[PDB]
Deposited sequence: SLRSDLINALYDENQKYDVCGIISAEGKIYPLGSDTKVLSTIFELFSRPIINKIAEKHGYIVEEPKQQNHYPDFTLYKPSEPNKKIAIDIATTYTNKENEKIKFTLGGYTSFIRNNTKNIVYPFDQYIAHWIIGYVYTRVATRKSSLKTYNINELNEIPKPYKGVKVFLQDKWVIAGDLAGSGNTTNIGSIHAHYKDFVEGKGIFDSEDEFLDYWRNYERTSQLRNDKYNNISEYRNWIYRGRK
């Protein structure tokens, strides 16, 4: 499938290459900084041609948002089925020590999830799948000078334990918010193999959704409705009260 091949290929590409800098037309290279955003940006640019290569080997077109603040990074679809779109987002986190537990921010829970068309490239109901390509690395100077193409193997790299997975968003979604004032779904908090294997907390994609479409924006209010999965099934069990 498109899926087994995308992960095999991102997987393979990660094993074979190491981004070490950004380069200019003239050939001068500038090392990578350490802070998180440099790396999310980079893993994302890293994924892009791979995603496109596999997509067209299977015949799907790939459309990135033509506008900012719009989900998802990549919209895949066969013209044959415009209502079977596939959303692919990139999510990244770090580790201070290899193989420790991790969590990601999975996107807003108050735009397209509640409003079919807010901040999303196509209406929400035209997608049948929402995948997350997740990157995990261990955060790790000669990083402040520039280099030339002949010194590529000695440029210091801001990280080292890079791992990559591809999994359905509802599947690794957790029950606590991933951020506050920017209202993001939080993923589970767990080791890398738990993301690869699907050991999430929802029973289904409808439960993930119903949960996030009714979770209050603050602890205040979550006091009265529900604040985690157990309470939320108690509230459902009672009649949504």
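The deposited chain is incompletely modelled, with C-alpha atoms absent only over 141 to 143.
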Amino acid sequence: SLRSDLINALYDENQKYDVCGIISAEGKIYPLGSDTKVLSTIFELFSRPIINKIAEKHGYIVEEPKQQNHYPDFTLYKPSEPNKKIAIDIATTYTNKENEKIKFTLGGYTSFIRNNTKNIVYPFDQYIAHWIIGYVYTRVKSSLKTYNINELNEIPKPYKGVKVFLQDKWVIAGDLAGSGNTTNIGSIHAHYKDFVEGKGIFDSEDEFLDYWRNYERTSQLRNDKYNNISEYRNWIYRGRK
From here on, numbers count along this sequence of modelled residues.
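For the segment pair 22 to 30 and 63 to 71, the entry gives 63 to 71 the higher mean B-factor, averaged over Cα atoms.
Of the two stretches examined, 141 to 149 and 160 to 168, the record assigns the greater average C-alpha temperature factor to 141 to 149. Note on 77, 131, 135, 112: the highest value goes to 77, judged by CA B factor as recorded.
Taking the PDB entry at face value, the top CA B factor among 194, 207, 175, 35 belongs to 35. The entry lists a Cα temperature factor for residue 86 that places it in the lowest third of the chain's modelled residues. Per the deposited record, the Cα B-factor of residue 240 falls in the middle third when ranked against the other modelled residues of its chain.
Sort the chain's modelled residues by C-alpha temperature factor and residue 102 lands in the lowest third, per the entry. Ranked by C-alpha B-factor against the other modelled residues of its chain, residue 12 falls in the middle third.
When the CA B factors of the chain's modelled residues are split into thirds, the value for residue 155 lands in the highest one.
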